[PDB]
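Enquirer: This is the structure, below, for whatever I ask next.
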Amino acid sequence: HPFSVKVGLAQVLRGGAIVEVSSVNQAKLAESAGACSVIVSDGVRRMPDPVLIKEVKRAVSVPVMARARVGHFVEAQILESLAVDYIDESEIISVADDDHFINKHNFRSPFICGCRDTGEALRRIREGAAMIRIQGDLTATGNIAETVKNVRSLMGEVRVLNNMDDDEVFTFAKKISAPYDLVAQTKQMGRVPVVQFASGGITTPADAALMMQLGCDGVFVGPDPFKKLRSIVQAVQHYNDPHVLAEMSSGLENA
Amino acid sequence: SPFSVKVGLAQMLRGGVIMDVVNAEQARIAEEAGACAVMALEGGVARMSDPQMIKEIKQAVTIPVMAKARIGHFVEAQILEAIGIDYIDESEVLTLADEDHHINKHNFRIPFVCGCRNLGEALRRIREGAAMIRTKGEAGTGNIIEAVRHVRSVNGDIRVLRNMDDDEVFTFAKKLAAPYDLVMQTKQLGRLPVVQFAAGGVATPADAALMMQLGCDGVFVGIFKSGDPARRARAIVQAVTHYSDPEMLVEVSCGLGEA
Amino acid sequence: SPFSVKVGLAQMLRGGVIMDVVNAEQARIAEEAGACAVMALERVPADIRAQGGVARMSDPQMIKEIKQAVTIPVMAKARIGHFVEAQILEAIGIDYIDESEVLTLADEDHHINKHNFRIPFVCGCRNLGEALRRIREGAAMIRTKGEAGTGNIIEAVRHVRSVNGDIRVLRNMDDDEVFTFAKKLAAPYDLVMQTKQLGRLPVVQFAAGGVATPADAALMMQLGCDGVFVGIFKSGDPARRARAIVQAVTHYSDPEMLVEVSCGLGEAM
Amino acid sequence: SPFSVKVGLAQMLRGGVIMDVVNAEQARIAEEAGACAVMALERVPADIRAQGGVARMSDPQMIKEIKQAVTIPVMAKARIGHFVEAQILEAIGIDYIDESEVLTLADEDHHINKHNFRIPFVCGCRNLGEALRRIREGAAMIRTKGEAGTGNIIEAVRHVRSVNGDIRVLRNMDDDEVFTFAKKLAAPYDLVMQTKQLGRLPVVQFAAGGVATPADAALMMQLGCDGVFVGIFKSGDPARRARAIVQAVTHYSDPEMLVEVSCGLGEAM
Amino acid sequence: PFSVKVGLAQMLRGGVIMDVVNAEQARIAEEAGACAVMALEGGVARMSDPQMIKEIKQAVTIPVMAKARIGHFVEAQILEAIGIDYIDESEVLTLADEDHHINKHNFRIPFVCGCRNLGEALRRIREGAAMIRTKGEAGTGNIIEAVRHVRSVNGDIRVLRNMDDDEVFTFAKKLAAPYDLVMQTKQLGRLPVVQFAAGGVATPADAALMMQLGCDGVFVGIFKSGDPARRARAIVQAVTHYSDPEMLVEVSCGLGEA
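Residue numbers (the authors' numbering), protein chains in the order written: chain E, 29 to 70, 77 to 256, 263 to 295; chain H, 21 to 62, 72 to 251, 254 to 290; chain B, 21 to 251, 254 to 291; chain B', 21 to 251, 254 to 291; chain D, 22 to 62, 72 to 251, 254 to 290. A prime marks a further copy of an entry chain.
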């Protein structure tokens, strides 16, 4: 399926960190530190200027993502035209449609969408999201609390579903306002049918490793960047190695 | 597919009238008046009827025999299926056995009828396996006002769905809290994916014809509560067959007696 | 238009008293007393209230009988929204159909589409917006209803004054403010302006509800109605009473006559 | 431990139907129909509800008689918290004591300390926390109760699904989250983990409340219970009915058999 | 005469109407390909000084619009006597009559009216509005509310299109709209007048989104940007090629700060 293909594309990002960058300079640093991809961003917050996105794409060889406003299917048409690798329909910038998200099945470019619980995730996937970011705080709070909450909520509901009496799954789907067939699939896989990255408030190597130990596939990250970024990449790569995590965190500078 | 077949079985009831019966006598009077199928049943807790009386009814008439099971009472269903009933009515007019879950109807070979009050609820019942939808108003009042409300509700939303922008159907599915697949499938067909009858309050020929004129594939009647049941039954049956023929509707409603 | 014609057909009722009847005898006593038309139903509103159950269209049989006993127009009630009860009445060959809110509402959200019929409709209302909405749906005749089966005329007076009150307000209203008035009324702008220009309801308007005595009927006429409904047989002597009410409507502006026809009428309801 | 032994003693009841009885005859009809045990009390729950008054432990006399009429285990109800009613039952030599919430609560804040007894206890529950608390107090057997003396099985279904639902949630739960789960349940952490590992209640679990027909009893078994209580004699023919329910529990996964034993059972309650 | 004003408006379909507060801009707007300009100039906001309106009506060759406070029929009389092409009874100006809009039928010139839903649109039209603009937020650069209102109107229109005729009476009541115009709208399958979008349209992508939603054009309040001329042309091109993503990329490419 074309969806299976998109879901297959995002799967190459597993085990990685995605870094938000605002220039060719930041993009280059992020690549050097081993970021699996960069997500381009430039009051109302909108899709970034295509010129900036082009410069970033040329400056690096890792996949390039860019944001579109929720429900702004034209911005998404534009991003797909200039040939980005992924589009993030991102609640971090200003929502353009309060009631409807982008009909992501109409695009060839794979989409990431945010979520705070299992029902949300599945709704985004039914709309055609190939990847999900389980999101905490929207601002740069450097606080991972809400992210942990929403990762545990998603992971926890999946575990409840896994073992659930089959007869009760219909009502369960209703309660979380999710498409039944996707709930059924998630039950079978004992996992959400797409790549799932933690995002929001990730500030330290310990934060990033925590997300991985909670079961995520990777993380998004928003006075020494090169070092900090390398530390987080290493953290995600060796999230089960406390000795490595220790080295990574040593004198990283002010977070 | 097994489900598609069950759906097909229920289509042989279109344009028909289903009548409640409590004895073999009534069942014959019902078949004699031209009922498409009969529904076997007998305050106080209301449960599935005794298989004894069900067997007697299935042995008196040659038309399809249906029977009620309490909502969520999957074992009652199993028992009805094992005695060779043609249809099972997981009906809310019986005493609810399970408050949060309905019977998983797919796990059965016999087709199910479920009730509903709106589109979302109809689609949820269908996703659970229901092969035939009963849009129910008020039970045991003889007042069709609620049935009209629900029929208009379901058919109203179906028409809204037909012409809706495809990018808005996802949100619509959420608002209905219904399975997206079935919502789109309903959008395509431009109608309910299964047979749809009306039930509740139908007390006169005019009531029955009104349901058909609204869009219902048929009606349930709960008759012998009238003055001359045999007469009233035939009138309603004719009403359903000739629902767009006033001259006829006048002819069968004339001197019907106490309704 | 076919609607202009139906509206015309109702003009013949102006100055009339329509009476509810439950059988022939009564229909005959109603015409014998000078009723402009009879309204056939298997239960009077007072009995509907005191009894309960579900009140539906009456059995055609009892309608055909009545329609063969009298020579004046014959009406029949169809539950609100029940367009099939209507179809049946139309087919039976009645003069007017009353989509009546004294019967058991059949559709809570939609009235019968009355245009789809060649036979004229009477609809109940309680205020001007409600009347103009019924008319837009096809109603050719309007009856402002008070309370039904109580013998108390107070609510009928409230509604009559309500409708006629706004009509007078509408007539002298600044043209630029009528749009807003239509919104507030929740009524079609076209009919509002047609009501403004005309200075009255663009259709026949009767009073109904609690009209028990001759004085009651005459009161409705002096308030500006075109006639009254009476739901007479729940009194001491129907004939004398029915005649008195008829006379009251014909002589509504004549107190001496009103005294005459009210004297020793018997026990009212 | 002496608690391990009591728990074992109850294992013999798995696959059984316990029946309420008010005299010998009944106890005999209960065993004659194949009941795994009888529960002696001077009033059935349906009569308790319909009558009122204060329902207490039954008179020993009527308990001794029953215990001498049958060979299957004999149970008796002790008011919640009434540890002296218990002592008396223990002394009388009954098999099990049901600290029953169908009798009149004697202590609103504290259940009987059941460990202080050598005789096994059955306690009622409505959810998982309530069951684990009863068990920690000593209860060797648990019955998830719906509503009593109504013949309606809906609340029993709610509770069964409630307890079994959380048990399944508990089994697959992240180990680090079980502490919080125990708090929310208000249940001892030890028993929660013992329930997690085991994948079920660490004691025998019966259904009770509104079980009227064979289909009802079989339903409880298919939901995952170990047996049912029946509070049979309030029906048409107790014997036939009691036998049918017993058979239903033994053949709960066999619709053909279920149809057989349900046919012409008479009038249910 | 009403059906004539409606026709005069259908000319503007596929166009971009731009706000302007002086001649220079009016030219910078026409030079970018606007299908018409809208003349204007905390604190009460009223009709613009005629002088400045004449300075703009004689500086360009495309239609010239002007705002008149809601209900201020004399501000409109003045705009008409000035000889401009369209009057916009606009809610961005300081409301003048909270209870009544201008009786627009009493004017020769075509009227634009704002709306947020289908009932509101139909009422303005019955008052004699020849053109309707569905307004979101004014002066925020955020199009979220415009999207809401556009989907609201187009949504109910689609609902109305396929609705059972018997149920339309009640639908008109709920909308608080004239039945005649409702049935009309049901027959046409769209607004019986030209329908533009306005409010928070800042970028080319925004403008194209409105067209894809099903609008006949857009208003822009472009000048709040770092390079007007470039931005204006891009938005104009966006509306004209609102289906060409490859084109939309070019016109959005390096357009400066929005």
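Virtual Cβ for every residue (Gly too), placed ideally from N, Cα, C.
Would you say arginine 193/E reaches chain B', if we count a Cβ-Cβ gap shorter than 7 Å as a contact?
Expert: Taking the first residue of the first sequence as position 1, residue 193/E is located at position 159. Closer than 7 Å to some Cβ of chain B', the Cβ of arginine 193/E qualifies, so yes.
Enquirer: Along the alpha helix (DSSP H) that carries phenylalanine 23/B, what are the first and last residues, could you check?
Expert: The residue labelled residue 23/B in the question sits at position 3 within the third sequence. Counting along the chain, the alpha helix (DSSP H) containing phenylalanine 23/B begins and ends at 22-31.
Enquirer: Taking the alpha-carbon positions, what's the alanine 232/H to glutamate 52/H distance?
Expert: Along the second sequence, read from residue 1 onward, the residue named residue 232/H stands at position 203. Along the second sequence, read from residue 1 onward, the residue named residue 52/H stands at position 32. Using only the alpha carbons, I get a separation of about 19 Å.
Enquirer: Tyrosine 116/B by DSSP, collapsed to three states: which one?
Expert: The count along the third sequence starts at 1 and reaches residue 116/B at position 96. In the structure shown, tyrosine 116/B sits in a strand (DSSP, three-state: E or B).
Enquirer: Taking 7 Å as the threshold (C-beta atoms), are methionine 32/B and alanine 50/B in contact?
Expert: The residue you call residue 50/B lines up with position 30 of the third sequence. The residue you call residue 32/B lines up with position 12 of the third sequence. Going by C-beta atoms, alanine 50/B is not nearer than 7 Å to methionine 32/B.
Enquirer: Check this for me: beta carbons of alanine 176/B and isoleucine 162/B, under 7 Å apart or not?
Expert: What you label residue 176/B is simply residue 156 of the third sequence in a count that begins at 1. What you label residue 162/B is simply residue 142 of the third sequence in a count that begins at 1. Taking 7 Å as the Cβ cut-off, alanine 176/B and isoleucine 162/B do not qualify as a contacting pair.
Enquirer: Quick check on DSSP: helix, strand or coil for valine 122/B'?
Expert: Within the fourth sequence, numbered from 1, the residue matching residue 122/B' stands at position 102. Coil.
Enquirer: Applying the 10 Å Cβ sphere with the 16-neighbour rule, what's the burial state of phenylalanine 199/B'?
Expert: As a working note, residue 199/B' is residue 179 in the fourth sequence. The residue is exposed, with fewer than 16 neighbouring Cβ atoms inside 10 Å.
Enquirer: Round the Cβ separation of residue 252/B and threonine 170/B to the nearest angstrom and send it over; I've been treating them as touching at under 8 Å.
Expert: Gap in chain B between 251 and 254; residue 252/B lies inside it and carries no coordinates.
Enquirer: Please report how far the alpha carbon of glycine 36/H lies from the alpha carbon of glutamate 167/B', in whole angstroms.
Expert: Mapped onto the second sequence, residue 36/H falls at position 16. Mapped onto the fourth sequence, residue 167/B' falls at position 147. Using only the alpha carbons, I get a separation of about 41 Å.
Enquirer: Please state the DSSP three-state secondary structure of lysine 165/H.
Expert: Counting from 1 along the second sequence, the entry for residue 165/H is found at position 136. Note: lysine 165/H maps to strand in three-state DSSP.
Enquirer: Of all the residues that make up the region 193-215 of chain H, which are near chain E by a beta-carbon distance shorter than 8 Å?
Expert: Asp195, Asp196, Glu197, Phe199, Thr200, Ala202, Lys203, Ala206, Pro208, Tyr209, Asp210
Enquirer: What is the DSSP secondary structure of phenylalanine 226/D, counted as helix, strand or coil?
Expert: Here residue 226/D corresponds to residue number 196 of the fifth sequence, with the count starting at 1. Strand.
Enquirer: What residues from the region 116-138 of chain H come within 9 Å of chain E, judged by C-beta to C-beta, listed N to C?
Expert: Taking 9 Å as the upper bound on Cβ-Cβ separation, chain E lies near residues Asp129, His130, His131, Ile132, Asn133, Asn136 of the region 116-138 of chain H.
Enquirer: Tell me, please, whether the region 50-69 of chain E touches the region 92-109 of chain E by the rule of three or more beta-carbon pairs shorter than 8 Å.
Expert: The region 50-69 of chain E, when compared against the region 92-109 of chain E, does touch it at the 8 Å Cβ threshold.
Enquirer: Taking 7 Å as the CB-CB cut-off, is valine 189/B' touching chain E?
Expert: Looking up residue 189/B' in the fourth sequence gives position 169. For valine 189/B', at least one C-beta of chain E is nearer than 7 Å to its own C-beta.
Enquirer: Could you spell out the range, first to last residue, of the alpha helix (DSSP H) harbouring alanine 100/E?
Expert: Here residue 100/E is taken as the residue at index 66 of the first sequence, counted from 1. In the DSSP assignment, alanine 100/E falls outside any alpha helix (DSSP H) and lies within the beta strand (DSSP E) extending over 98-103.
Enquirer: Quick one: grab the DSSP three-state call for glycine 36/D.
Expert: Numbered from 1 along the fifth sequence, position 15 holds the residue referred to as residue 36/D. Here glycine 36/D sits in strand by DSSP.
Enquirer: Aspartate 246/B: buried (16+ other C-beta within 10 angstroms of its C-beta) or exposed?
Expert: Translated into positions along the third sequence, residue 246/B becomes position 226. Under this definition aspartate 246/B is a buried residue.
Enquirer: Have a look at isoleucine 114/D and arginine 178/H and give me their C-alpha separation to the nearest angstrom.
Expert: As a position in the fifth sequence, residue 114/D is number 84, starting the count at 1. As a position in the second sequence, residue 178/H is number 149, starting the count at 1. Answer to the nearest angstrom: the Cα atoms are 52 Å apart.
Enquirer: Looking at the C-beta of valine 78/E, does it have a partner C-beta in chain D at a distance below 7 Å?
Expert: Within the first sequence, numbered from 1, the residue matching residue 78/E stands at position 44. Yes - at least one Cβ of chain D is within 7 Å of the one on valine 78/E.
Enquirer: Entirely within the region 39-103 of chain B and at least 3 residues each: give me those beta strand (DSSP E) ranges in chain order.
Expert: 57-60, 94-99
Enquirer: Could you tell me how far apart the beta carbons of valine 250/B and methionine 240/B are, in whole angstroms, since I believe they sit closer than 8 Å?
Expert: Counting from 1 along the third sequence, the entry for residue 250/B is found at position 230. Counting from 1 along the third sequence, the entry for residue 240/B is found at position 220. No, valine 250/B and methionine 240/B are not in contact; Cβ-Cβ is about 11 Å, not under 8 Å.
Enquirer: Assess contact between the region 80-92 of chain B and the region 130-145 of chain H, defined as three or more Cβ pairs (one per stretch) separated by less than 8 Å. Is contact present?
Expert: no
Enquirer: Please list, in chain order, the chain H residues whose beta carbon lies closer than 8 Å to that of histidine 134/E.
Expert: Translated into positions along the first sequence, residue 134/E becomes position 100. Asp196, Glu197, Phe199, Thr200, listed in chain order.
Enquirer: Out of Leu123/B', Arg263/B', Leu190/B', which one is the CA nearest neighbour of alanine 60/B'?
Expert: Here residue 60/B' refers to the residue found at position 40 of the fourth sequence. When each option's Cα is compared against that of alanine 60/B', the closest is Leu123/B'.
Enquirer: Find the nearest neighbour of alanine 111/H within the set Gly286/B', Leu287/B', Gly288/B', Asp276/B', judged by alpha-carbon distance.
Expert: As a position in the second sequence, residue 111/H is number 82, starting the count at 1. When each option's Cα is compared against that of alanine 111/H, the closest is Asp276/B'.
Enquirer: Under 9 Å Cβ-Cβ, which residues of chain H neighbour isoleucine 108/B?
Expert: Here residue 108/B refers to the residue found at position 88 when the third sequence is read from its first residue. For a Cβ distance threshold of 9 Å, residue set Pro234, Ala235, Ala238, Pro277, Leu280, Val281, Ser284 of chain H lies close to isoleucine 108/B, ordered along the chain.
Enquirer: Using the beta-carbon of each residue, which ones in chain H are nearer than 8 Å to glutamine 71/B?
Expert: Position 51 of the third sequence holds residue 71/B. None at all; the shortest Cβ gap to chain H is about 14 Å.
Enquirer: Going straight from the alpha carbon of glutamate 157/D to that of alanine 159/B, what length do you get?
Expert: Here residue 157/D corresponds to residue number 127 of the fifth sequence, with the count starting at 1. Here residue 159/B corresponds to residue number 139 of the third sequence, with the count starting at 1. Rounded to the nearest angstrom, the two C-alpha atoms are 27 Å apart.
Enquirer: Provide the residue span of the alpha helix (DSSP H) that contains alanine 270/H, from first to last.
Expert: Here residue 270/H corresponds to residue number 239 of the second sequence, with the count starting at 1. Start and end: 260-272.
Enquirer: Mind checking who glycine 247/D pairs with in its DSSP beta bridge?
Expert: Translated into positions along the fifth sequence, residue 247/D becomes position 217. In the DSSP output, where bridge partners are listed per residue, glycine 247/D has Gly36/D, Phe226/D.
Enquirer: Could you name the residues of chain E that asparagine 172/D contacts, counting a contact when the two beta carbons are closer than 8 Å?
Expert: The residue given as residue 172/D occupies position 142 in the fifth sequence. The answer, in chain order, is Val78, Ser128.
Enquirer: Does the CB of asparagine 196/E have a neighbour CB from chain B' at under 7 Å?
Expert: The residue given as residue 196/E occupies position 162 in the first sequence. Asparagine 196/E counts as touching chain B'.
Enquirer: Just the C-alpha distance for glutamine 46/B and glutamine 81/B, rounded to the nearest angstrom, thanks.
Expert: Here residue 46/B corresponds to residue number 26 of the third sequence, with the count starting at 1. Here residue 81/B corresponds to residue number 61 of the third sequence, with the count starting at 1. When the Cα atoms are used, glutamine 46/B and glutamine 81/B turn out to be separated by approximately 16 Å.
Enquirer: May I ask which residues mark the beginning and end of the beta strand (DSSP E) holding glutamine 247/E?
Expert: Position 213 of the first sequence, counting from 1, holds the residue named residue 247/E. Not the beta strand (DSSP E): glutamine 247/E falls in the alpha helix (DSSP H), residues 239-247.
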